[PDB]
Amino acid sequence: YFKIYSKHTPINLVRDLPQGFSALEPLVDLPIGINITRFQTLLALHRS
Amino acid sequence: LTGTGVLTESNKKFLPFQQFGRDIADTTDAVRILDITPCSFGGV
C-alpha cells in the first residue's frame, strides 16, 4: 500500500532544514502500492 | 467488530483518513463520528 503524506510549514529561513517538530497526515492512500526502486523529482523552469 | 455498548455523541474530531479511534490497550471508545461507551455495570 502506497501512502503519501502532505504537510506545509512556513519558515523565513533562506536555505536550511526547518527547525522544530513536523507531523505529517496522509492526503491520500494508493491501494496498488507498487514497489519503486528509484525516483526522480520534476522541477519547473521559469523563463522570461 | 461486534460488541455491546451505549452510543454517544462525539465532541472529538476525526481526520478524513481515520474511521476508528482507540485509547490505551486498544480499547474502543470511538468510531466513524460516534463514541463507544459501554452501558452501566458494577457490583452488588
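All Cβ positions, even for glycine, are placed from backbone atoms using ideal geometry, and neighbour counts span all protein chains on display. Bear in mind these aren't lab numbers, they're just calculated from the coordinates by the rules spelled out.
For this structure, a couple of remarks:
- Neighbourhood net charge (15 Å Cβ-Cβ; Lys/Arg +1, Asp/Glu -1) for B:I36: -2
- Summing charges over all other residues whose Cβ lies under 11 Å from the Cβ of A:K3, with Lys and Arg as +1 and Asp and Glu as -1, gives -2.
- Semi-axis lengths, Å, chain A, gyration tensor of Cα atoms, sqrt of 5 times eigenvalues: 26, 20, 11
- Point-to-point label distance, A:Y1-A:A44, nm (Cα→Cβ direction, 7 Å offset): 3.2
- A cut-off under 14 angstrom between Cβ atoms defines the neighbours of B:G3, and their net charge, with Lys, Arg +1 and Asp, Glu -1, is -2.
- Spin-label pair B:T27/A:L30, simplified geometry with 7 Å Cα→Cβ offset, distance in nm: 4.0
- Calculated translational diffusion coefficient of the protein assembly as shown (10 °C, 1.306 mPa s; Stokes-Einstein with Kirkwood radius over alpha-carbon pairs) equals 86 µm²/s.
- Dipole axis of chain A (+1 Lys, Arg; -1 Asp, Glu on Cβ), positive-most option in A:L45, A:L13, A:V28: A:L45
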